[PDB]
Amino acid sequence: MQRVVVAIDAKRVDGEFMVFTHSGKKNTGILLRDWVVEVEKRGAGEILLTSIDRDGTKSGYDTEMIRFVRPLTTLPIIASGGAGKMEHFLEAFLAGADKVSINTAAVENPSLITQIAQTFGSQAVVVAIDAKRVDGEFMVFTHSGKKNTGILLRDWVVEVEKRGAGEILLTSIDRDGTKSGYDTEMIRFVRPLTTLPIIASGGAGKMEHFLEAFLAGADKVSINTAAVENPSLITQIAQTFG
């Protein structure tokens, strides 16, 4: 149903789009075509699709990859930006994406939220926010969790709502900027600031881990490596929560 977002990182290797796990380092051997179909059947709510470059890092929209995934699924496809311009975004939507996910691009140019929302719709923008507590405040980090922007999480969540974001993808990050597990206190902190769906980005894969995020206030969880390694997690979450 609605509670599961599957994030899929993929790139063409050996002439096929293949699914990568562990921060885009491990070629799992799984065809993107098979995995997209299987996640839909297991009850995923939407797919966050990220094209990754030669060493695993987040690359820009791959329109061929978006067009390839499109006929396999009736779910919303969220294309994970990496890109900063109005024509960048148009290309993803023409290729088949239903939404784009932006993070550093949005932070550095907030009007991109507004521009995309104005052109493509109120459901078209996902803002991904990486954040951790520093100096006694939850602060927004950009550039793969490395730069403390100086922006309070509380201010940015409000601003992205006002600019017309459709959902927030929230990731708690650890001491060196990598994706950490659910921060329930950060989820509870963001809950009262926004009437949008909050997607908590997981970092870990056991079913009471997920319950805690939903009890903290998250409406959906995003899973990637945990789902690939144990695909029934998708089915379990969908069964319990929607």
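Note that residue numbering follows the sequence shown and begins at 1.
Per the entry, where is the mean C-alpha temperature factor higher: 190-198 or 31-39?
-> Higher mean C-alpha B-factor: 190-198.
Tell me which of 131-139 and 166-174 has the higher mean C-alpha B-factor in the deposited entry.
-> Mean CA B-factor is higher for 131-139.
In terms of CA temperature factor as recorded, identify the highest of 98, 87, 161, 108.
-> Within the set 98, 87, 161, 108, 87 shows the top C-alpha B-factor.
Please work out which residue in 83, 94, 151, 72 has the highest C-alpha B-factor recorded for this crystal structure.
-> Out of 83, 94, 151, 72, the record gives the largest C-alpha B-factor to 83.
Among modelled residues of the same chain, the CA temperature factor third for residue 79 | It falls in the middle third of the chain.
Should residue 113 be placed in the lowest, middle or highest third of its chain by the C-alpha B factor in the entry?
-> Lowest third, going by the recorded CA B-factors of the chain.
Where the record places residue 14 (Cα B-factor, split into thirds across the chain) = Top third by C-alpha B-factor.
Lowest, middle or highest third: where is residue 46 by Cα B-factor in its chain?
-> It belongs to the lowest third of the chain when residues are ordered by C-alpha B-factor.
Once the chain's modelled residues are ordered by C-alpha B factor and cut into thirds, is residue 207 in the lowest, middle or highest one?
-> Residue 207: CA B-factor falls in the highest third of its chain.
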